[PDB]
Structures are given as C-alpha cells and as structure tokens.
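Residue numbers (the deposited numbering), protein chains in the order written: chain G, 2 to 242; chain E, 3 to 233; chain I, 1 to 204; chain J, 1 to 195; chain B, 1 to 244; chain H, 1 to 222; chain N, 1 to 196; chain A, 1 to 250; chain F, 2 to 244. Yeah, the Cβ is synthetic: ideal placement off N, Cα and C, and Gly gets one too. Read the structure below first, then the notes.
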Amino acid sequence: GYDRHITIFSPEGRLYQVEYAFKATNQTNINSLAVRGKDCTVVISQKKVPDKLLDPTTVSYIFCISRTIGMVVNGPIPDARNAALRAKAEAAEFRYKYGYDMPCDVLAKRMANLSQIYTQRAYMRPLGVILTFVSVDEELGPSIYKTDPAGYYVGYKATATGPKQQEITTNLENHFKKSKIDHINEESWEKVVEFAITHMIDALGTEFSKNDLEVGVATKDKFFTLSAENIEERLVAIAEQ
Amino acid sequence: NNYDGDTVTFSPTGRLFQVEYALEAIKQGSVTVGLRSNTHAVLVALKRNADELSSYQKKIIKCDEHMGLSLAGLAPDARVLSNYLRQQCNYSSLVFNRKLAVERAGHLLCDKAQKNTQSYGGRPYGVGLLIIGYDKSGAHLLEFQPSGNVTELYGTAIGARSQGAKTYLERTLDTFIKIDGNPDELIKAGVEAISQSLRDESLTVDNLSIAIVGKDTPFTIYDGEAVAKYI
Amino acid sequence: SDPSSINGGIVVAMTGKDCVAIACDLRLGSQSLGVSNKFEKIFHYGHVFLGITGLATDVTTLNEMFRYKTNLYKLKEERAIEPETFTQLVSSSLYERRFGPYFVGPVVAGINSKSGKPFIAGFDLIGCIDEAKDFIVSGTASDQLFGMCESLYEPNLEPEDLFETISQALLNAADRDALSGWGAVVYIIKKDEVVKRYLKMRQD
Amino acid sequence: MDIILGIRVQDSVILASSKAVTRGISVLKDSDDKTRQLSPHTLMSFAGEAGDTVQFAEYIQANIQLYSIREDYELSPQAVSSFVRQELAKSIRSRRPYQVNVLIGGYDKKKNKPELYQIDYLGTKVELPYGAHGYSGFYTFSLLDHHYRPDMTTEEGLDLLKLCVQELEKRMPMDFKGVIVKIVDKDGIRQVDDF
Amino acid sequence: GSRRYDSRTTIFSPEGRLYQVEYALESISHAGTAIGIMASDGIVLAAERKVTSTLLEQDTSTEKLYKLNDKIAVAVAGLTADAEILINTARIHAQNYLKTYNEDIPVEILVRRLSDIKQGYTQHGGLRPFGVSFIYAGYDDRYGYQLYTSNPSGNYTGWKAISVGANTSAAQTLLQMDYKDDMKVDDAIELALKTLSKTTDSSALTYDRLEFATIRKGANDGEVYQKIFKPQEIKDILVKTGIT
Amino acid sequence: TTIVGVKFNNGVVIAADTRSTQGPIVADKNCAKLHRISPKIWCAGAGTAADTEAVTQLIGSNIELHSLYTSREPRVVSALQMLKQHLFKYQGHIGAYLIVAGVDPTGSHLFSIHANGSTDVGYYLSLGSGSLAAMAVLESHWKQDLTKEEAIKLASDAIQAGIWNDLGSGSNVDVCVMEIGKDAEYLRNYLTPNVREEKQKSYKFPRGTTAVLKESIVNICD
Amino acid sequence: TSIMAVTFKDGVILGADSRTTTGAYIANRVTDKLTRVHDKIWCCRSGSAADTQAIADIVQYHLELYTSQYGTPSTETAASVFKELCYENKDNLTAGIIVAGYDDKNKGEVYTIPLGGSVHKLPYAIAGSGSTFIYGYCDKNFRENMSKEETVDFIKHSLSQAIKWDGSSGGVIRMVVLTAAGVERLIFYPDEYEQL
Amino acid sequence: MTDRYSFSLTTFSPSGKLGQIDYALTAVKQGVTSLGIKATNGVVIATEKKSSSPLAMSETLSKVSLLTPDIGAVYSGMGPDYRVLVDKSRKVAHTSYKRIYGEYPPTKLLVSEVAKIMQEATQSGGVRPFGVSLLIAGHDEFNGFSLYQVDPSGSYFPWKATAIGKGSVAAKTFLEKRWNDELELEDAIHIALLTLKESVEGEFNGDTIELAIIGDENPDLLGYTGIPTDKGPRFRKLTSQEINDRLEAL
Amino acid sequence: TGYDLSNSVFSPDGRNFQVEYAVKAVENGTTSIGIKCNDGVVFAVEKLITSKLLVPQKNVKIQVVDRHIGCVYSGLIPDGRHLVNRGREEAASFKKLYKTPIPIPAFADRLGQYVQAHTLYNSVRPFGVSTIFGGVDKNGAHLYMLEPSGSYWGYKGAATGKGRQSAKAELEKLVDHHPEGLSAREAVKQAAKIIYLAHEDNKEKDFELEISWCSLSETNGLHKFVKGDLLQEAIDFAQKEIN
Ligand SMILES: [Cl-]
Ligand SMILES: [Mg+2]
Ligand SMILES: [Mg+2]
Ligand SMILES: [Mg+2]
Ligand SMILES: [Mg+2]
C-alpha cells in the first residue's frame, strides 16, 4: 500500500503519514504545559538530559521566535529547529511588510498553513512536531495557540502536550471547572509559573529539581526563558507552601 | 537487494549498493599501476583489446604539464573526470598563475564524485583513477575511487588482479621510494610490479603504456616502439 | 511624434432627460493628409457605448479588446455588462499598460438597464476615471468642445433637443480644429431605442 | 520603395507599385516587384524600410498559405487584412518594429465584391475606394477625388491609374522607374505587362 | 525517488491502447446520456441529468449544456469540473480567433483545438486525461449546421446524429432507425426525447431531469439563434410530443 | 491639488479640493480625492490621478485580505508601510503623493507619503500644488488640543486657501472624519463655494437647426 | 541635513536637526532623523529621505532576524549591514548615514558611511550638508572621554552652528543618548540654541 | 531536491473511478454535519462546533467564513484544507474580479473559481484532492440569493437547501419535508436549527453551534458613512446569544 | 511495510528508517572524538593504516572551517567533506554580511538545518556521517556533535565511530574527575589516550593518530593542527597508558 508512504488518501479517507507524524511528536518523551495569567502566559516543559557528556545549557525545546512570541515544541529537535527558524523568519518579514509585530495567533495560522501544504503536496514530508505558541498579544491579551502535523490549530485557555498530556489536561480541566474563569487569577508571573509547576507535579505524580524543568514566560513586550536559579527560587516557594 | 535500485537508497546495514556496483566495474577493468620516488612518479597501464584486429584502448590521460592519470573501468567516465581536472588545472593557471596542487586535484575529484552518490536521477562514476603529478611539494600519487574516496600513496594498483602488483609494491617500498633522479629505474620497478598481475599473457609493444612526470620532466606518455626498451 | 495627434478626431458625450448622446467625427488623417472620411470612433457592446479618440491603431485595438472581454463577461455572467462596470473594466485595462500606454481618450456612454439612470464617463490614456453628470469631451479639439459644451449645455434636455445641442457642440469644435471633422455621427440613446444620425458638415 | 497605389473599381482591385530600388546615389534595380500573392484572390503590395518590407510580406504570405492548406479554404480579404493589421499592431510595440506599409487588394468570392485595405506600420487599417502610401498620396488622392467613380470598369480604372502615374512622373522629385500593375478580380490575379 | 509512485498515465498497453483513455471512456459511459441531432434547418441538443434530488435548484442549474460562443454550444458527458476547464479554454480560443480575423470561428477549428488539447494529455506531461466527451452543436457560413463529438483520446468526428455517455449503443441503434436526411428541427426534437425516453435508466422521463437546446435559423433572416430551454419550456415540449 | 490632514482630541480629519487638470484645462470640477483604504483608514491623494487611485485601491485590496487573514481591524502603519514600499520600488515613477490617516486598535494616526517613498509624521500636514497656501493657514491657526469641530474648520480653511490662491486647486471641499470609537464619516462636498452663476441666456436650439444626411435605428438587442 | 554622533565616557550620543527640504521649501520642520535599528543601535540619516528610510527599515528587519537567531548584534555588525546595502546599491542611493551604538564590552561606537558605501570607525562623526561649516569647530573642541553634559554641549553648540550657516538645516535639535542606563531622548528648541 | 512529482496522483482505475476523489468524499462523509437553506429573502448556513478539548476556545475556530461582504462559506471534512481554500477564495475574489471590475464577484462566479482551484488538485502533478465539500451562500444584485455545494472533484450544484457530512442523508430528508418556496429567513433559521439537533449528540446551544446568514444589508456593520450606495455587508454571523434566543422558542 | 525504501517516509512508529540506516554507516566508520577544555576544544581521529603504501601524515581528515572552527567526522568520508564545504559557504556568507566570524552555536544550526533538510525529501539521501566540531568565539569554547537526522547538542566531550562506547566511557571519567575544568595541553594528551583506548574496537589494522585544537591561550582562538614535538609527546603519553 503506497498510499501509506506519501500524503494521499487511503480508502477510508485517511492520511497515514500525517498520523505517523503525530506519533513522532512523542519521540522525545517530554511533556509540556501552558497556562495564562492576567498579565502573562507561562509555558513549562520537562527537561531531560540523559547523557552526562551533554552541555545541559544547550538542551532546550523552548524558542524565542520574536521579542514578544515564544514557542515550545513537542517532537524531535531537528524538525523543531527547522520550525523555529521558519517562524523567526516569518515573524521578522511580517514586521517589515506590515509595520507591526506579528501576533501569536497569526503566526500560528501561518505555520499551520505551511503544515497543511505538506499534508497535500507529495514531495514534502510533514514535520513530526507540535508547536505551542505563547505571547501577551497587544489586542487579545495572554495567548496560547498550538499547531500540529495535520495543519490544525486553535487557541487555548490552557493546554498540554506529550505522552502524559491527557493526565495534565484533565487536571487542568478540573481546576477551571472549579475556578469558574478563563485563566489563573494571579498578579505576578512568578506565581503563575508556580501554579503551572504545581499542577504538572500533581498530574504527573513526580517531583522536580531545578534541572528537570524548562520555563518560558510571556509578558507585555517581552518573552523570556528562566534560568536554573530562577526556577530553583520558584521550586523553593512551592515547597514552603 | 531491494536497496540497490538507485544511489539515493541506503541498505539496512548502511551500504550504498549502486556505489559498490560502480566499484565492481573497476575490478573488471584491465590492470594499471602507479608509484613514485621523491623526484618522479610513474604510471604503468596494461591496455586491453577487443580482439586481434582492434586497437588497445588508451588508459592514460594527460591533465596538465605537471599532472595526469590512468583509468580502470568505464572509459567515458574517465574522459569526463579527466576533462573536469583539465579545467581545474587550467582555472588555477589562468586566474592565480598557480599550478594546481595534486592534493587539491584529489579533493575536487572526491567532491565531484560524491554529488552523484547523494542525488536522484544521477549514477555514480564507474571508473577508478590513479593520479600522478609533480607540484611545489614534490612527487605525488593519488588513488581515486568513484565512492569519492581519494587516497595519497607511495604506490598502488587497480583493476583485474591488481592484488599481485599491490603486494609487490608493499614489499618493494623501501627500494623504489629512493629511486631519485633516475627515470628508467622507477619505470622498471613499475613494469616489474604490473607483471605480478599478468596471467597466460605478458607485456608486448602495443600492450603496455607508461607515463612519467617529475622534477624536470613534463608529464609524458610512452606507447608503441618507445616502450620496447622496457619489455 | 505626438501619438495622440497623428490621426486626429473627437468624441463628445452628453446626458439629458432619460437619455444620453454620444457623437464623433469621421476623419482619419496622417497629420496634414486626410486619408479616410469613414473612420467611426464609437462602438457598442450590448447597450454600452464606447467612443475612443487618439492614435487610430490603439482605437481599433481597444475596440477589439473590449469586444473580447465583454463577450467573455456575457458568457460567464449570463447578462450584458452595464456602463458603471464597463467603465471600471476600461480603467483596469488602461492602467495595466501604465508604463507603455495606449494613446487614447476613451468615453463611455449608456443607460443602466436595471436603474434606468443615464451614465457617461471619460478617461485619460492611463485609466483615470472622469465621471460627469453633464458632458464628457475627448480628442484633438477637446478645448473647443469644452468651450462649446460649457456654454451650450443645460440639464434635462429631451432627446430631440439634446441631439441639436451635442451636434452643434461637435460641429463648431471640429471646424476650429485642423485634424477633426470630415463628417460626424451622433447616437441618441434611450432606455430601449437608439437612433444614429450622420451630420452634414463642411468638408475642409 | 516609395510608390504604391491601389484603386477599387466595380469588379476588381488594381494595385500599382514602383519598380525602382534605390540605395544611396544608385538605382540598383528598375524591375522590382513590390508585391506578394497571399492567396489566389488576395494581393499585398508593400513599401517602407529596406529588408523589413520583404521579410514582413513573405512572413505574412507563409502564414496565409499555411492557413489555406490547414483548412483547405481561402481566407476572405477582410480576414487577411485583420490578421495583417494585428501583426503590425503587435510589431509597433516590439523591440524593433516592422517599418512597413501595405495595401491589400482582394476579391471576396462569397460577396462577389473587390476590396482594398490600406494599413500603415502602426497597424492603422482602413477600407478605401482608392489608397496610397508615402508621398504618392499627396498628389493622387486629390486627383482620384475628382476623376473616380464607384462603377468604373477595370479598363477605366487603368486609365485613371495612367493619370496618377503621369502626374507622379511630372511632379515627384525622384525617378521611380515606372510601375508594375496587377489586377485582382473574380478570376484571381494577373499582371498587366505593358504599362 | 518519486518514480515509485508514478502511474505512467501516457503509455501504451501491449495491445497498443492507451490505458487511461480507455478507463476515462469507461468513466464516461456511466454519465448522463447526451444526444445531438442535426437537421437541414437546425440542430438539437438534449441531455439527461445525473439522478436528480427533488431539492436541487433546477432552473439556475447547468450540468450538461454550455454556450461556447453565439453560434456554438456543447453537450457534456463525464466529469463536470474537467469540462469547465476545457469550456473556458474553448471560449477564449473563440475570442482570440474573432479578435485576430474579425470573423466568428469556424466550428471545426474550435473543435480541433479542444481535441488537440485533450490529445496532449495522452502523449506528454504525465497527467491524467480529461474524463469528458463533448457533442459540439454549431453553425458557420462555410458548412452551415454541424455536429461533432470529441473524447478523452482527442479524436473527433462529425455526425448527423450521435449520442455520448450512458447507453449509447442502445441510443445509436434507435437514431439510426428513425433518422432521415430531409428531417426538420421539430421532428429532430421529437426523435431526441423519444430516444432518451427509451434509453434512460429511470422510471419515466420528466422535465426536471433534462437539459435541452436548439440552434435554429429561427430569428430574422440569414442569422442564427441559440435557445437553452428553461425548465417550463422542457415541460411543454415533453407534453407537446406526448411523453408526459 | 490641495490636500490636508489634521489631528484632534479623539481622532483625525483629512480634506481635499475637487479639481482635476490637464495642463491649464479643468478636466473634472468635482473629482473625489479622498480614498477609502479600509472603513476607518482614508487617504487623501495628490499627483497623477490614475496613480493615486490605483495605488490606493491595490493597497486597500491587500489590506482587506490581510484584515480577513489576521481576524483584526487593519492598522494605518500597515497601509503606510505597504504604500511606501510599493512607491519606493517604483522609484518615483508612480506619481502618488498621499496623506494617510485613520483610527485602529492602536489609536489615531496621521502620515504623509511622497512618490519616492519617504514618509512623514505630524499633527497637521498638507500636500499638492496648493500645499503652501494650505500650510500657511495651518501654521497660522493650528494649536495643540483641537476639538473635532475646530479641526474640521482648520482643515477646510486650509483647503480654501488652496482653492482661492492656487490655480491648480478649486471647486469644492471634501472632508472625512475618523474619530476613535465611531464610524468614519465621509463628508463629500462639505463645502460648495464655487457654484456657477445663472447663464445670461439659454442656447437650446430650434429643432431642425442641424443639417442631417442619414438616419437609422441601431440594433442593440440579440 | 546637519547630523552627528559622538562617543564619550559612558556611551554615545546622536544629534540631528529636524529639517526636510524640497528645494528651498521646508516639507517638514520637525523631522526625526535619529532612527532606531535596535534597542541600543541607532543611526543618523542624511541624503534622500526615501532612500535612508528604506535602508533603515531593511537594516532594522535584518537585525531583528539576527537577534532571533544569534542574540544582540554588535554595533560593528549593524554598520556592516548598512554598508552592504549602501555599497552594493551605490548607483541608485543618495544616503550618508552615521551608525552609533552601545555594547557593554565595547561601550560607545560610531561608524560613518558616506556616499560610496565605505565604512569608517571614528571617535565622533559629522555629516550632512550642514557639517561642512563645523569641521573647524568640531576638530578644535572635541575631546575623548567627555562627560554626558559636556558631550550634550558639544553637540548643541556644533549643530547650532551648522544650522546657523546651512539653510538646508534647521528646526529643533534632537539628540539620543545611549548608555548602560538605557535610552534617553533630548530635544532643544530654537530660542535656546540660536543665541549660544 | 525540489518537487520531482510532476505527474498526477489521481488517475482513472479500470472501472473508471477516480480513486482519490472517491476517498476524499469519504473523508467528507466522516466530517461533522453542515447544511444550508435558501429562503425568499435570505440564506442560512450552519454547522456544529465540535470542540477538540474543553480547554480549547472554540470561538477562535471559525467554521463559517466571510468570503466577500455578501458571500459566506461552511464545510464538512478536513478543517485545514478548508482554511487554506478560504484564504485562496478571498484572494481570488480580488485578483480575478474586484481588481478588474471594481465590484465583488457574483456568487456563482466566485464558486466557479473555488471549483477550479479544487479541480486542479485533482489533475495537477504531485498533489492530492481537497478533502472537503463546501457550501457557499451569497447574494448579488442580478441573481439574488443563491446556495452552492462544491465537492472534491470540483463539481458544484445550486441548491434550495441541502446538507453534507455525517448525518447528511437523514438531514436532506428532513429538509425535503420542511422546505417550500415561500420561506422567510426566520423560518429557514428555525428549520436549520431543527435539522441540526438530529445530528448533534452532545450539548446543543449557541456556544456549540455556528450559524451565519446572507440577508439584509447591514449599515451598522459597514464601519463608515457618507457614500449612500455602499449599504454594508449582507453576511452576518449570528452571536451565541442570538442563537439561544431562537432555541427557547423552538 | 516497505517504509524503509524511501527517505522522508514515516514508519508507523514515527521513525525515518533511512536516517537510521545512515547511522549504521556512521557506526561502521573509524573512531573520532572531541574534548571541550578550559578555553578551547580538542579534536582527534583514528586513521586506519590500510597499507604501508599510505603516505604517513598525508591523508588529513580533520578540516578547518573559516579560521576558528575544527570539524572531524566518522562515516562516509566524502559525505563529511560535502558537509564541510557547505559549512564553509555558510561561514563565508555570515562573515560577509555581519563582519564578525560566525559564532559556534550559529554555525552548528547552519549544519543542523542543512543535514535536517536531507531528511525532508525522497530525492536525496541522508548524510552518512556524524560530525564533531566546534571552536572558540566571543562567548568562549563550544563543542558540538551532529548526526544524520540533523540532531545536534553541545557536549562536554563527544565520540563517534566504531570505538564510540569505549571513548564515551573514557570521556565520562574525565568529566567526573575534573569538575572544575581541563586545560588544553592536558586535553591533547587525553585525546591521544582515548583514541588509543578506542582503537581496541578496530584492531585488525594499526593506525595513525591525528589531533587538532583551538585554545584562546594556546592557539589564539584559531584552529591549528597538533604536530611535531607536542604530537609525539602525546603519542608517548598514550603509549604509557595502554600498558
Ligand atoms: Cl499562509
Ligand atoms: Mg507529503
Ligand atoms: Mg476641421
Ligand atoms: Mg534613486
Ligand atoms: Mg538655518
């Protein structure tokens, strides 16, 4: 069945290469999670450095796409970096052509359209990645938009991605059922990060040191990643609680 | 097996079968030998004929005044690669007034051969070449294989039963390496080396092809009556 | 060497009460030499009328082009093109040759078949739409036509009156221009009849 | 080049074309036929820039002959003249335009009418009772305006043409070495041998 | 590389047939039947729609009969979308001819170019052919009234009467039976419907499952008029010949 | 042309005269020089009439597609950027001199664009042949903190200075007001201070004055 | 135009007049010729307004993309991007640009890019039509490692003189201060600087 | 490198079927139900917003899209394919019509352009067909209101009313009983809402239902005043609240 | 199945088997390592002496890129050269536009994106090499290892080829026993040792050692080869420790 090697329809109207691209999404065995504060958007991802020979600082799946947009990737790193370089270029071009900063949701749509093309054109393979874009949009406020190999995207109140994503998802659904609102009603991003890590701990049932996590924060007019020490400071606050 | 349809396909053990099959055409090729001292470098090539009415195919091609090669395998492929070399030697002279280093000639051939091993529609070259030359760092011998692998040597041989000559040279090393300032002795050591690869048939006047380059000798080719002196 | 005044010619359009009129001379010359006295400058595509002055080769080319485009329009849209729409098509088409223009001064005239409104418009060689309630002028005697129209014209003229006005505007403008005249043609256009009259004029 | 004339009478089109080919201060030839048969009932005379004239004429001829073979049918004079006009109208905006003016004389077998078309290098087409290109027009148009009638015979048209050539021989500054005259009618194309 | 996934749409079978053309013709044979009949004073085009739903908009619909220019129409059998690609091409080609020669395009010349396009898809470019067969009804002043058919092979031929789509074998025998040369348009109209009536895969032929057109000399003197019948007019002509 | 733009409290206003010329001749007495780029971004144009119209329409089209694509109200800086980069690419040969103004989610904006592609920012701007007459008025009467009604008055005064003193400008004043939180209001022929006086005489001819040679009914039907 | 950029103890200061001119008509008397291509890399623009804007927009885009991929660009890098554009398109550009920025390693740096698209690293730079009149003044009064206030005075006095003699120059004197502390905009009006 | 797939990936099988088009329609079959109904003074198009997670904000995903101010589209099948078709459809309305004639295309012609785009993915080299069926509802001055279905093959048909996707066979039968040629717009909205309840299993409210109309011109939605011939878009997406009002009196 | 016959095809587990097959060609090659030190990086490689006829010191395998970056690789040699040629074009283009020589992380992504691009289409074959590379820039020393999938990370120490597991284990030692850092001259010795210790996994033929290094202090941040006295001194240190 050659309908399983390229992106043409199978007799049941399915694209097997797209489906198998989703399965590569979990190749790295990392889970990621994004939530929104009042003033901010936080994204946390597990950081797993197996080899002792690796320089831990160079191992990351969070990217600074633009001054305002951050992106976390679930999938193998080569495809991840391919996607990050493209999104950086598209965000820079958009700013040049249209005179304002590319909004998170528009970049998401653009990267999704690019992915859709790979599902329809034979010579291009899908990228085996899922892209979670975060920012504090100047019109829409805190924003999370996520892209997959199908070319599908949508905005989220909060989201999770990875092998244990369903655990984290229901954990978060239950919080928002309870809280009655669209976001974490918290003043500082410091406490939203704390929320994010706390509910990842509950859902995954694991403890984290400062080198087991990776954190990206989006505020009005910058997106930045935290250091080991910024995270350690954050883990301590969670402990004294 | 299933993985030998084109150059763009690896086998599960990580082999490139079209490249290996290209290598095989070399092995079906008539033997040729190269070896060098510190002052000269020599090519000897046993030429092959179709039958008794036919000419003996030319195996040695001049690339510049200070460089040239012998071939074993597909001859038109040698014509292409030698022509490319001719152009590169030419470009070096016209642009930089510089004679192309034999080592650079090696790298440029490696890089040309390699492109055909990674792209669809292409095919690897089906010829092996022995490149000799005298440049600004002395005499040189190079072995080109169509996998793109190029190797600098004191001596070697390629083609049918090249293993006889290659052993001989491996023994003779410390002798022929110091045949400095004597052309006809280095040639003799090549004709002797090539004779280790003969069978049922031996070297004649329209059979043998010798080329030599070195310190005060432009790369030149000897055939016919001019090689009788060596049989 | 001024392409718009090699051949000569004029076109004028005018609105009246529930009617429009469009008129042109018949001259085609090569500078001083008059060549043809039969060169009409007004064409129609369905119920939309187009007059074109300027370089005669471009006049012919554009007619052939707008026949082409309005024919395909009709086949795809299953209805005749309206004056407002044709005007836009004329403009797009001229601006498409922005840096190598057709040397023409086209004029559109007609009555919208849905609304019954009378409509006229004119264009520069490069596609600018000049819309007017009253009159449009074009050609080598455009100054003269402007002066004739600006004094002779009054709103809401009846078809037979409008005929006299537009004819007198054209005839007297043409007679003060070396490159215009040699005959005239006047179209009176109402909701669903069109009369074409050939005027008698001086032949020098 | 220089002189090409055409008159359409009752049942034929007559084309007259000067015989001189002049380069510099030398008349190189005095028997040049400035015409191509496009189809059996269509004739094209031409004048303009050296080289361009014949190259254009022959190119048109090839195209029309191709059309004839493909459809086993002769294109009408009106149809040919439009093809020709469009070719020149394209040419005028090319890198190097064809500087050629033409008269096309044809007999339409379906209408049983003769037709004369005058087209200049810009692609300016016009149907006429009589036509000319170049300075010839400045003498003949007024002469024909006077002596021409629409119902003249082929014989009367030839005499009218004789009047035109005589006037051109009198007042034109250059010796154009007479004309070759050709008649296009219901029976095709023939050349008048003594003019 | 990509060679693995190439069907080779433009190759000969060992018998010297064109696989894809044959299979396109097989596709076309399941399409609503279309008939053209040529009379001494006009041409009829009649075609059956693919099995209607009661909720389809019957009046503002066009699946079978298209206008090419004022003197030429076609009836379609096959993929509608493929047909529209070719129809717009033909419409443009007609206009280029008119623009070039200031004369309406002769029917055959338009037919040949469309057939030549189809042919190209069978010989080069590795694309699937157009799954369409046309009946061309047209008039020109050289041959008068003409009928042609063209199919995915890009071969075309002229006819007094012809059918395409479903049950052409049945239909062609029936036309052959009752057709005659001195026949008038109104007889041809009657023959066309009576033929569809007998060949249809439906229970009975109704106005809502038909498209109908005529090319008469039915206006004012030596001039031609195309009539794409409205639904109500098909209803009347179906009654006027007593099929309903 | 004279065209102007003036900022105020809660928005921006642009205005223009309505004269179009071919040399010394007035081709159009009431042409519209205020162009809609999007509902709340309007452009006043001077220069080559076809070019201002074409460039304003093209960018307006691309802005609509952009707005649909981004699910956002379009911004002036986008129209500004697209216009400037287009004009610059054409090295001045597209003779469009534009005053771009509008309101968007960012606020109210006022810019000008030169045919070569350079852009300005200001509280008051004027372009075209009459721009010096206009700018004289703006430099005399402009102040920081204008009401809507003051800016309209200032703008139309500036255009009047052009109408009366520049031979390149005349006829009427069009205005368009873009206020934050409201619909743009396009005030076509806001002022008509050049109405033709009654003619002394009627030149309606006695019927039959014109000599006719032929008549025929033209067939426009099928 | 009169424009300049001056390195000093704590960083660099850019200065410019505010006059845009078409012939003798002042199209803009409040122009901003000090343009940001990055947080702390700015430039002074002189020549064709259209050319220098189009160049700055392109450079800003290039450095934004550079940042995304490799972090903060050096001032030298910014000057190189300008040069590349100015040099390779020398036939179609009329742009005299001064590039000035602040690193933490390199402190204040000034690069000038004249018409041909050559690059020149200098302690300070003057350019634009008005600059001719202050070569004398600036050469005599510039010292290395001036304080912020001295540098502001040096620029204010210099441009005051450029504006005084060059009819093409005029309006306000704008300045941009580039230090470790951040980015400060200064403006000085005619009534202050005219009677220095 | 680059596209070496210059041959068709859709070819005729010996039975004469076009495999990929059939399979594309199968994906459309699996798609969520969507429908459209033509009234005498309007058209309604509606579908179910089947949210993927409850953490997703389904307002951010528009299944019903404005194409021109008087034309809307909805679909059944693959969402990504639809999204890019809408992008191309909006652009082609400008490039091949508005930039030429200075007005928006009539429904049938815009539909014709989309069909063409879809037909080419059925024959061009190295692509698969679009896995969607579109319903396009619109108005234009000379044809009035119209509703069109566009399939993966590129074929399109005008409808009085119809449905596509999951429960289309059932829903089409529902629509045959209820549709008459005298329906007012509010009557068709009501029928649309009834037809859609059949095929929706979960929650059924204005937050899970997406519905738009092509009806009267909306001057309040224009964004400006002063040109009396510009009257505003006839396309209007009903709000969450507007739908719930109609679901009470159901 | 048949999922492994064409590059860029995902298998049902979400793998690209052709890339995995490329890795087998890498694992089949000679051993090569890289050690990151205090202010620099060291590279060494095993050159199998096929025959006496190979001229010693004259089939060089370590390659310089620009003036400050070293590259070594194990697998298909010509594939590695092709990759370095590209890296040279990439570094030249970066320097041309931005003046400053290309930073190492920047350079790493250039190769990464290029190698990754050869896993996107069926019309190209993935790279049959793993490449160890790095040097010194304005932010210090960097060592990288890049694989046929396009995957790369920064390394304290790295190894590839047939002796990779031997070398890896030996590298982990130095990381544990020098947590405050390793000097460049020390790393040159250790490099030599590890290649000798890794040669056991390939001991049919005997071999020629080749070392290079970039050190801010020892080589001014430039890439130089280790030859002569310093090479022999490290060859000897290694000969010590295999006894
Ligand atoms: Cl896109
Ligand atoms: Mg694909
Ligand atoms: Mg006159
Ligand atoms: Mg310039
Ligand atoms: Mg001054």
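Nearest to residue i (by Cα), restricted to the options the options
i	options	result
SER124/A	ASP201/B, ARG49/B, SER2/B and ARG128/B	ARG128/B
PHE108/F	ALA118/F, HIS119/F and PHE134/F	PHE134/F
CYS149/I	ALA23/I, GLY9/I and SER4/I	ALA23/I
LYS64/B	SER53/B, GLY36/B and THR54/B	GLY36/B
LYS53/G	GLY158/F, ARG87/F and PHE208/F	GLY158/F
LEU196/A	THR173/A, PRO228/A and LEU185/A	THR173/A
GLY202/A	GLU48/A, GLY215/A, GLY42/A and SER96/A	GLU48/A
Contact set between residue i and chain H, taken where Cβ atoms lie within less than 9 angstroms
i	result
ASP81/A	Those within 9 angstroms of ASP81/A in chain H number zero; the least Cβ separation is about 17 angstroms.
residue 201/N	Given that chain N is displayed from residue 1 to residue 196, the structure contains no residue 201/N and the question cannot be resolved.
Cross-chain neighbours of residue i in chain A, by beta carbon under 7 angstroms
i	result
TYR122/F	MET1
Residue burial classification, residue i (beta-carbon count within 10 angstroms, cutoff 16)
i	result
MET174/J	exposed
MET177/B	exposed
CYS221/H	exposed
residue 235/E	No information on residue 235/E is available, as it lies outside the stretch 3 to 233 that chain E covers here.
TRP179/A	buried
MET1/A	exposed
Within chain A, partners of residue i - CB distance below 9 angstroms
i	result
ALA184/H	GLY223, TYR224, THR225 and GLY226
| field | Unbroken stretches of the alpha helix (DSSP H), 4 residues or longer, contained in the region 145-228 of chain F | value | 165-178 and 185-199
| message | Can you confirm whether the region 87-107 of chain E touches the region 182-194 of chain E when touching is taken to mean that 3 or more C-beta pairs between the two stretches lie within less than 8 angstroms? | response | no
| Residue ranges of each alpha helix (DSSP H) run of no fewer than 4 residues wholly in the region 42-79 of chain H, ordered along the chain? | 49-70
| said: Restricting to runs no shorter than 3 residues, where is the beta strand (DSSP E) found entirely within the region 27-81 of chain G? | reply: 33-37, 42-47, 63-65 and 71-75
| request: Go through the region 66-136 of chain A residue by residue and report every complete run of the beta strand (DSSP E) that reaches 3 residues or more, in order. | output: 71-77
| said: I'd like the ranges of any alpha helix (DSSP H) spanning at least 4 consecutive residues and lying wholly in the region 25-85 of chain N. | reply: 49-70
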